[PDB]
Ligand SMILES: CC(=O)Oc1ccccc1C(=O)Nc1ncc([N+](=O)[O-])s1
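Only one chain is included here, represented as structure tokens and corresponding to the form deposited without the ligand.
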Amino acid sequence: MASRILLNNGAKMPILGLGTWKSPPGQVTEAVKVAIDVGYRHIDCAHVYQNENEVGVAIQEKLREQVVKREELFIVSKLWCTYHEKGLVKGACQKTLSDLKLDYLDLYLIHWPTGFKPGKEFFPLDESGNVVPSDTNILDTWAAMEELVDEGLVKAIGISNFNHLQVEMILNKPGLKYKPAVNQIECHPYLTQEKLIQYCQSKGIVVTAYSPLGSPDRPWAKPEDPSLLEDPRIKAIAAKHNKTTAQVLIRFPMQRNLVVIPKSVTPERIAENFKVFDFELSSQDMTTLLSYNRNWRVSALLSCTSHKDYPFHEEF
């Protein structure tokens, strides 16, 4: 198991990163410091997580302590939906760079394919509860992202929550300058993503698996929802390998040549989640975990099902 994967920009990306969505501002600085101490070299961030300043403080402390050099870190962030207008993309990136206290990002993603009306509200809604769209499209927003690479603000650009038709639109864009490096998508045993992974990997696009533990802290969880960490079938596979259910869920995508970004703010779990290079799931284990697929998404952007660019009407 190589600890990094080669991107189509020539850079290497660590296959394990720390997620930061729902990491409260007062706890994320310690989380990132512990992660870097433990050995994490990849942090997944976003403007919309409202904690990038605190992530920046942690990275800076570790650079000053000389625990790591900047070139050893792989820092990812994402353009929020209210900044898809071509003229707003650079300013949004630079706000992220300022909060993170960085000269550049290793990777900058279009967070969702759906552009929203600009403003301070992250989700500008109509009276029916549906998001108010912006007059934007995927290709124009991509062109603006490419300019960030040209000016050296980011080393790579990619996408998140794009379906294969949306990826294909970018790959076929007239005058394309940079292919997406990464498509970051929800992926775990209940949403195995076989067709989209096959597609992306066939095009040389690296897939990052988000919510690998099933996002048990998501604010909208309902009692009827299935729970990966509580699934006795996955607990049994963990028992067999003398590992935790979380460790099995992290190793699973690694063996599919995916990058994976489990989130924690608990120091003990941050350390536990990194101890996944000392075992291997069997061929049968992988087939078994894949068989648990039930097309179940924790992250379905339900306020946007009538948006022109809603990604999840398509099969994949």
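Heads up: residue numbers just count along the shown sequence, starting at 1.
Just so it is clear, the following notes concern the form deposited with the ligand bound, a form of the same protein that is not shown.
- The candidate stretches are 87-95, 104-112, 145-153, 170-178, and the one lying within 4.5 Å of the ligand in the bound PDB entry by heavy atoms is 104-112.
- The contact residue chosen from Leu63, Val48, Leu290, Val57 relative to the ligand in the bound PDB entry is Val48, the criterion being a non-hydrogen atom within 4.5 angstroms.
- When contacts are judged by a 4.5 Å heavy atom cut-off, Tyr199 does not count as touching the ligand in the bound PDB entry.
- For the chain shown alone, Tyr190 is not a contact residue for the ligand in the bound PDB entry, no non-hydrogen atom being within 4.5 angstroms.
- Contact annotation for 206-226: residues with any non-hydrogen atom within 4.5 angstroms of the ligand in the bound PDB entry are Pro219, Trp220, listed in sequence order.
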